[PDB]
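Peer 1: Chains as they are written, first to last, in the authors' numbering: chain S, 38 to 133; chain O, 38 to 133; chain Q, 11 to 117; chain U, 11 to 117; chain R, 29 to 119; chain V, 29 to 120; chain T, 24 to 100; chain P, 22 to 100.
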Amino acid sequence: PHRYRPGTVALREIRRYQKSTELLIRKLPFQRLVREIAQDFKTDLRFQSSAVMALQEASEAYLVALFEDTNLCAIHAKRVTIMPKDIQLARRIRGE
Amino acid sequence: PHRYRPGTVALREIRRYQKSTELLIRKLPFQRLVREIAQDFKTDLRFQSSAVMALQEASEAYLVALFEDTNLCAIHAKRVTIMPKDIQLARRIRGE
Amino acid sequence: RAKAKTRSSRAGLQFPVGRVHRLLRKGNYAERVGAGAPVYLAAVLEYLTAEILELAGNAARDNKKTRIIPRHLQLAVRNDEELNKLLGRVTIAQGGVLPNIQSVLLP
Amino acid sequence: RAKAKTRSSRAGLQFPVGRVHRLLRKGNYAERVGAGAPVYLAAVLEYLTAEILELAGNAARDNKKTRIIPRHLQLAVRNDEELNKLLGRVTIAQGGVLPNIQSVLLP
Amino acid sequence: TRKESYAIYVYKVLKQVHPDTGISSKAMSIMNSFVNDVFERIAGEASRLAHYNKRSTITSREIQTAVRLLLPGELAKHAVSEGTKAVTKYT
Amino acid sequence: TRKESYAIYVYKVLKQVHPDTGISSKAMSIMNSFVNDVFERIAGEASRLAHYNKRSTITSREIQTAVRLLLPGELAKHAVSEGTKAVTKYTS
Amino acid sequence: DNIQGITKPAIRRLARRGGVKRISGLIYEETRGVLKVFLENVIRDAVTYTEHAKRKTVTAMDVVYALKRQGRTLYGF
Amino acid sequence: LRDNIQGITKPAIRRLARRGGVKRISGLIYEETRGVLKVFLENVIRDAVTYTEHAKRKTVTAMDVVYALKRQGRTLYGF
Numbered sequence: 038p039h040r041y042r043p044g045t046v047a048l049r050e051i052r053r054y055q056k057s058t059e060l061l062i063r064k065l066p067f068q069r070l071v072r073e074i075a076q077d078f079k080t081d082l083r084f085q086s087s088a089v090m091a092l093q094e095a096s097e098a099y100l101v102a103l104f105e106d107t108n109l110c111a112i113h114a115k116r117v118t119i120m121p122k123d124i125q126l127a128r129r130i131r132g133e
Numbered sequence: 038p039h040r041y042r043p044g045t046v047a048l049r050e051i052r053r054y055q056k057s058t059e060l061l062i063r064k065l066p067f068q069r070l071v072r073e074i075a076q077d078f079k080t081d082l083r084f085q086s087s088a089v090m091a092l093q094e095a096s097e098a099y100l101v102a103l104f105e106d107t108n109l110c111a112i113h114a115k116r117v118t119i120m121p122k123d124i125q126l127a128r129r130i131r132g133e
Numbered sequence: 011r012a013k014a015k016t017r018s019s020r021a022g023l024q025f026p027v028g029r030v031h032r033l034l035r036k037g038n039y040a041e042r043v044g045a046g047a048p049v050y051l052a053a054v055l056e057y058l059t060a061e062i063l064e065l066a067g068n069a070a071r072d073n074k075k076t077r078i079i080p081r082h083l084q085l086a087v088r089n090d091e092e093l094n095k096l097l098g099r100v101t102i103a104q105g106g107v108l109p110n111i112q113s114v115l116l117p
Numbered sequence: 011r012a013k014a015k016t017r018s019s020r021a022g023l024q025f026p027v028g029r030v031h032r033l034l035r036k037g038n039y040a041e042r043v044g045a046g047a048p049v050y051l052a053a054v055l056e057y058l059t060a061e062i063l064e065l066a067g068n069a070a071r072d073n074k075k076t077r078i079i080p081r082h083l084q085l086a087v088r089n090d091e092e093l094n095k096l097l098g099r100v101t102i103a104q105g106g107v108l109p110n111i112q113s114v115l116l117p
Numbered sequence: 029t030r031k032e033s034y035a036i037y038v039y040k041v042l043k044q045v046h047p048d049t050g051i052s053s054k055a056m057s058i059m060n061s062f063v064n065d066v067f068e069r070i071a072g073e074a075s076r077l078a079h080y081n082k083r084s085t086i087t088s089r090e091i092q093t094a095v096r097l098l099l100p101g102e103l104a105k106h107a108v109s110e111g112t113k114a115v116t117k118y119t
Numbered sequence: 029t030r031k032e033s034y035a036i037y038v039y040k041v042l043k044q045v046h047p048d049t050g051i052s053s054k055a056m057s058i059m060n061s062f063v064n065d066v067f068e069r070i071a072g073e074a075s076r077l078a079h080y081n082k083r084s085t086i087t088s089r090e091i092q093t094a095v096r097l098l099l100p101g102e103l104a105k106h107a108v109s110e111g112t113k114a115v116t117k118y119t120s
Numbered sequence: 024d025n026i027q028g029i030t031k032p033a034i035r036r037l038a039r040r041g042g043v044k045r046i047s048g049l050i051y052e053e054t055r056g057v058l059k060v061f062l063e064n065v066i067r068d069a070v071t072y073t074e075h076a077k078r079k080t081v082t083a084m085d086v087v088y089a090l091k092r093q094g095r096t097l098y099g100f
Numbered sequence: 022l023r024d025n026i027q028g029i030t031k032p033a034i035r036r037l038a039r040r041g042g043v044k045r046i047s048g049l050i051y052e053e054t055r056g057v058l059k060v061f062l063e064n065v066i067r068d069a070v071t072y073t074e075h076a077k078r079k080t081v082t083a084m085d086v087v088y089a090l091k092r093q094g095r096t097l098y099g100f
């Protein structure tokens with residue numbers, strides 16, 4: 038069978054997910070997570086669909102920027118993989 | 038010629054300059070640099086002493102925080118010596 | 011008597027001076043509001059909107075389409091230096107990111 | 011009539027409720043300010059000042075000086091976690107930083 | 029209550045800039061949010077400038093200084109040029 | 029006009045917390061700047077909260093929401109309790 | 024259980040949008056945790072905004088104000 | 022007077038790094054931190070001089086400087 042080298046499929050995924058702005062995170066798990074988080078602060082709390090969309094967009098953009106900083110730190114450390122220490126360093130510099 | 042290790046006096050100076058709050062950049066060169074920078078904006082501009090003082094405190098605090106971030110980048114990259122790439126990474130993470 | 015010349019048409023400016031003045035007055039940001047302050051704010055807003063829309067239309071032209079959609083706006087914001095610096099802490103929905111690949115990532 | 015009573019005794023606090031109401035009215039944040047809003051503001055400011063001064067006095071006790079120094083205030087601010095996230099983007103003059111050294115740097 | 033919208037204004041600005049380029053409803057909302065955010069930022073900076081020197085009024089100079097503080101570089105310079113041209117056309 | 033300053037109020041708070049320990053004028057300026065900055069932050073949050081709800085007044089609920097928002101962690105509920113205690117003392 | 028409701032391929036796609044070639048196996052839990060922290064902060068701000076308005080449903084509008092007051096302003100809503 | 026970027030001496034940078042907990046300081050970082058200190062100073066100074074020119078003011082006061090620092094989200098206490 039045909040075999041692809043490690044990286045070209047990754048680069049193709051990078052390209053195809055950077056040209057388009059589709060919703061990477063599925064609607065239902067993010068909505069369920071939002072309801073679970075909000076249920077500890079206020080019981081019987083509702084969320085309109087556009088509110089869930091907006092929160093999902095903000096979360097996805099924030100996580101994309103955090104992953105960009107994580108990859109940046111990984112390249113600074115001469116590393117291709119991204120480690121949780123990279124995320125910790127990026128958040129510490131960003132003060133999060 | 039008793040000589041200390043190259044890195045023990047470094048830690049001693051780190052402790053001395055972290056315990057003490059005395060300013061590190063001399064007031065006259067910083068004031069002259071501030072006047073040089075401001076002469077390109079407003080012709081014949083005057084700086085009061087407290088203005089230069091506050092600018093110096095803010096500048097040393099920003100430089101100190103950036104130095105902690107670059108040091109953390111250095112240890113994150115399994116390194117001790119900071120390099121200008123660490124400063125560039127720290128600036129770009131905060132989007133400066 | 012004479013026909014109404016309005017406010018925005020007197021200055022030759024498309025953005026509403028009257029709406030900006032009403033928002034500034036109802037926003038209680040100052041006890042008094044000058045006459046030229048809404049004119050200046052509307053002019054600045056129109057310039058910024060025109061620059062953003064021009065860059066977004068250019069990006070759509072590079073996208074072989076003639077309708078501006080928020081990915082084009084995000085590309086226009088992030089591509090130009092001054093608008094990216096102005097909107098650095100600003101997130102655009104349905105926009106994505108710049109299609110850039112690091113040097114070490116490419117084979 | 012009866013003797014006038016200041017707001018400090020009425021609200022059981024020390025921060026000036028009258029001054030806070032004055033800067034709220036003259037600071038044009040809203041066209042109206044309720045009666046309890048300056049009281050709540052004085053209480054919150056008084057509690058934050060009390061917590062910061064208590065932590066500064068504790069830091070001075072660890073240093074044995076009887077006078078609060080800007081170094082003591084900086085140590086008090088950056089030692090408390092909640093004060094650290096509240097005052098994170100805030101510069102304190104003549105305060106320095108915490109003397110923290112990484113384990114890999116120490117021999 | 030009713031909610032204001034800058035659909036026609038951004039529409040006519042776009043047709044003045046590109047006469048043959050459309051815009052979507054989501055992009056209309058993005059533009060609205062952008063213009064409102066810039067309006068709030070400039071108005072807050074101008075109000076702070078007025079309060080800074082015990083001034084109870086906001087004039088064209090307050091918006092000028094707010095634009096120079098917020099907008100960077102050549103964007104700020106072109107904004108001041110456009111605002112000055114608008115005020116001179118008004119007078 | 030008269031320049032605002034919380035010098036004696038901060039001093040009285042210090043004395044009711046640490047009567048033995050004093051405070052310096054540089055520390056006094058730092059505390060005054062902190063109090064002013066927190067006051068402006070909370071007042072601006074209350075003003076924007078009133079504007080977003082189409083409200084033309086700032087009440088105790090505005091300050092409660094502002095100190096719930098800007099103040100994080102245990103400080104939020106502690107300031108909420110202090111404000112509620114002050115409100116109850118005012119009403120009594 | 025909804026914290027694990029988000030999927031590992033979703034996190035992979037999120038990193039792909041961030042220009043990351045490869046992802047380590049133990050960073051998924053850390054990304055989930057920091058996402059939980061960020062969502063907790065934003066949801067707390069939105070809950071306070073909703074409770075201030077005597078409202079029982081979190082609209083989209085106070086969500087974008089909650090994000091904007093954190094220096095993360097959202098456009099399009 | 023020009024060429025005052027050399028006023029921030031190398032030992033002053035070393036002291037700033039020691040306050041930041043830096044053990045080993047490269048010889049090539051001094052130019053870079055002079056550049057970033059210069060850039061931060063032009064940003065804060067341009068904000069301060071816009072504040073000064075707004076109020077018919079010719080001498081830059083400490084108040085405007087710390088107000089500029091706060092509007093860049095770097096508020097300074099003690100002035």
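All residues carry an ideal CB built from backbone N, CA and C; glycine is no exception.
Going by beta-carbon coordinates alone, are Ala91 of chain O and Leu37 of chain P separated by less than 7 Å?
Peer 2: Cβ atoms of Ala91 of chain O and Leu37 of chain P: not closer than 7 Å.
Peer 1: Check whether the Cβ of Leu70 of chain S lies closer than 7 Å to any Cβ atom in chain O.
Peer 2: So, not an interface residue.
Peer 1: At a Cβ cut of 7 Å, what residues of the stretch 32–52 of chain T count as close to chain Q, listed as they run along the chain?
Peer 2: Within the stretch 32–52 of chain T, the qualifying residues are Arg40, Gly42, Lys44.
Peer 1: What does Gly132 of chain S reach in chain Q if we use C-beta pairs closer than 7 Å?
Peer 2: Result: empty, since nearest Cβ-Cβ is about 13 Å, beyond 7 Å.
Peer 1: Which of the residues in the stretch 91–111 of chain Q, read from start to end, lie with their CB under 7 Å from any CB of chain S?
Peer 2: Cβ contacts with chain S come from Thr101, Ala103, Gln104, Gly105, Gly106, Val107, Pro109, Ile111.
Peer 1: Taking the alpha-carbon of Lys95 of chain Q as reference, which of O:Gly132, O:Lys115, O:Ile124, O:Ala114 has the nearest alpha-carbon?
Peer 2: Cα-wise, what sits closest to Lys95 of chain Q is O:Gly132.
Peer 1: On a Cα-Cα basis, can you pick out the residue from R:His106, R:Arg83, R:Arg76 that is closest to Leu58 of chain Q?
Peer 2: Here the closest residue by C-alpha is R:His106.
Peer 1: Along chain V, in chain order, which residues have C-beta atoms closer than 7 Å to that of residue 119 of chain U?
Peer 2: This structure cannot settle anything about residue 119 of chain U, because the visible part of chain U is limited to 11 through 117.
Peer 1: Give me, in chain order, the residues of the same chain whose beta-carbon lies closer than 8 Å to that of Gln76 of chain S; leave out the 5 immediate sequence neighbours on both sides.
Peer 2: Around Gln76 of chain S: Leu82.
Peer 1: So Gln104 of chain Q and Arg77 of chain Q are in contact, right, with Cβ under 8 Å, and what is the actual spacing, rounded?
Peer 2: With a Cβ gap of about 13 Å, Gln104 of chain Q and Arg77 of chain Q do not count as contacting.
Peer 1: May I have the straight-line CA-CA distance separating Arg71 of chain U from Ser52 of chain V, to the nearest angstrom?
Peer 2: The alpha-carbon atoms of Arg71 of chain U and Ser52 of chain V are separated by roughly 16 Å.
Peer 1: So, with DSSP's three-state summary, where would you put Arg96 of chain R?
Peer 2: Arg96 of chain R falls in the helix class under three-state DSSP.
Peer 1: Answer with yes or no whether the minimum CB distance from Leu115 of chain Q to chain T is below 7 Å.
Peer 2: Output row for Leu115 of chain Q: interface = yes.
Peer 1: Check whether the Cβ atoms of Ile91 of chain V and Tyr50 of chain U sit closer than 7 Å, and answer yes or no.
Peer 2: Contact flag set, yes.
Peer 1: Is any beta-carbon of chain O found at less than 7 Å from that of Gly28 of chain P?
Peer 2: True, the Cβ-Cβ gap to chain O drops below 7 Å.
Peer 1: Using the Cα positions of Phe67 of chain V and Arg35 of chain T, report the straight-line distance between them to the nearest angstrom.
Peer 2: Between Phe67 of chain V and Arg35 of chain T, the C-alpha separation is close to 44 Å.
Peer 1: For the alpha helix (DSSP H) containing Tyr51 of chain P, name the first residue and the last one.
Peer 2: Counting along the chain, the alpha helix (DSSP H) containing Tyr51 of chain P begins and ends at 50–75.
Peer 1: Taking Cβ positions only, does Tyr72 of chain P come closer than 7 Å to chain U?
Peer 2: Cβ-Cβ to chain U under 7 Å: no for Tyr72 of chain P.
Peer 1: Beta-carbon separation of residue 101 of chain P and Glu105 of chain O under 7 Å?
Peer 2: There is simply no residue 101 of chain P to check, as chain P begins at 22 and stops at 100 in what is shown.
Peer 1: Between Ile70 of chain R and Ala94 of chain R, is the Cβ-Cβ spacing less than 7 Å?
Peer 2: Against a cut-off of 7 Å, the Cβ pair of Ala94 of chain R and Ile70 of chain R comes out as a contact.
Peer 1: Give the residues of chain V in contact with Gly56 of chain P, contact being defined as C-beta atoms less than 9 Å apart.
Peer 2: Per Cβ cutoff of 9 Å: no residues; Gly56 of chain P is ~30 Å from chain V at best.
Peer 1: Would you tell me roughly how many angstroms separate the C-alpha atoms of residue 130 of chain R and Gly101 of chain V, rounded to the nearest one?
Peer 2: Look at the range of chain R in this structure, 29 to 119, and you will see that residue 130 of chain R is not part of it.
Peer 1: Applying a beta-carbon distance threshold of less than 7 Å, which residues of chain A neighbour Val117 of chain S?
Peer 2: Annotation note: the requested chain A is absent from the structure, which comprises protein chains S, O, Q, U, R, V, T and P.
Peer 1: What does the Cβ neighbour count give for residue 120 of chain R, buried or exposed, with the cut at 16 atoms within 10 Å?
Peer 2: Here chain R has residues from 29 to 119 only, and residue 120 of chain R is not among them.
Peer 1: At a cut of 8 Å, does the stretch 50–61 of chain O reach the stretch 78–89 of chain T through at least three beta carbon pairs?
Peer 2: Segments in contact, no.
Peer 1: Give the DSSP-derived three-state secondary structure of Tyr39 of chain V in the structure shown.
Peer 2: Helix at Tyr39 of chain V.
Peer 1: Exposed or buried, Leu100 of chain O, counting other C-beta atoms within 10 Å across all chains shown (16 or more means buried)?
Peer 2: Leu100 of chain O should be labelled buried.
Peer 1: Quick one: which residues of the stretch 34–61 of chain Q get their C-beta closer than 8 Å to a C-beta of chain R? List them in chain order.
Peer 2: Within the stretch 34–61 of chain Q, the residues whose Cβ lies closer than 8 Å to some Cβ of chain R are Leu34, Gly37, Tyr39, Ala40, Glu41, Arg42, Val43, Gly44, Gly46, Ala47, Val49, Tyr50, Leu51, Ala52, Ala53, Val54, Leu55, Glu56, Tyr57, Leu58, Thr59, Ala60, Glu61, listed in chain order.
Peer 1: Find the nearest neighbour of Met56 of chain R within the set Q:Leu108, Q:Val114, Q:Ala66, judged by alpha-carbon distance.
Peer 2: It is Q:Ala66 whose Cα lies nearest to the Cα of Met56 of chain R.
Peer 1: Got a sec: is the Cβ-Cβ distance from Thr116 of chain R to anything in chain Q below 7 Å?
Peer 2: No, its Cβ sits nowhere closer than 7 Å to a Cβ of chain Q.
Peer 1: For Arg128 of chain S, which residues in chain T fall below 7 Å Cβ to Cβ?
Peer 2: Correct list: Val57.
Peer 1: Ignoring anything shorter than 4 residues or poking outside the stretch 68–97 of chain Q, list the alpha helix (DSSP H) runs there in chain order.
Peer 2: Listed in chain order, the complete alpha helix (DSSP H) runs (minimum 4 residues) inside the stretch 68–97 of chain Q are 80–89, 91–96.
Peer 1: Please report the residue range of the alpha helix (DSSP H) in which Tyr80 of chain R lies.
Peer 2: Taken as a continuous stretch (DSSP letters only), the alpha helix (DSSP H) holding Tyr80 of chain R covers 53–80.
Peer 1: With a threshold of 6 Å, establish whether the CB of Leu61 of chain O neighbours any heavy atom of the ligand SAH.
Peer 2: The ligand SAH is absent from the structure shown, which contains no ligand whatsoever.
Peer 1: For the beta strand (DSSP E) that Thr101 of chain Q lies in, which residues bound it at each end?
Peer 2: 100–102 is the extent of the beta strand (DSSP E) around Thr101 of chain Q.
Peer 1: Just reading off the alpha helix (DSSP H) that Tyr99 of chain S is part of, what are its end residues?
Peer 2: Taken as a continuous stretch (DSSP letters only), the alpha helix (DSSP H) holding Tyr99 of chain S covers 86–113.
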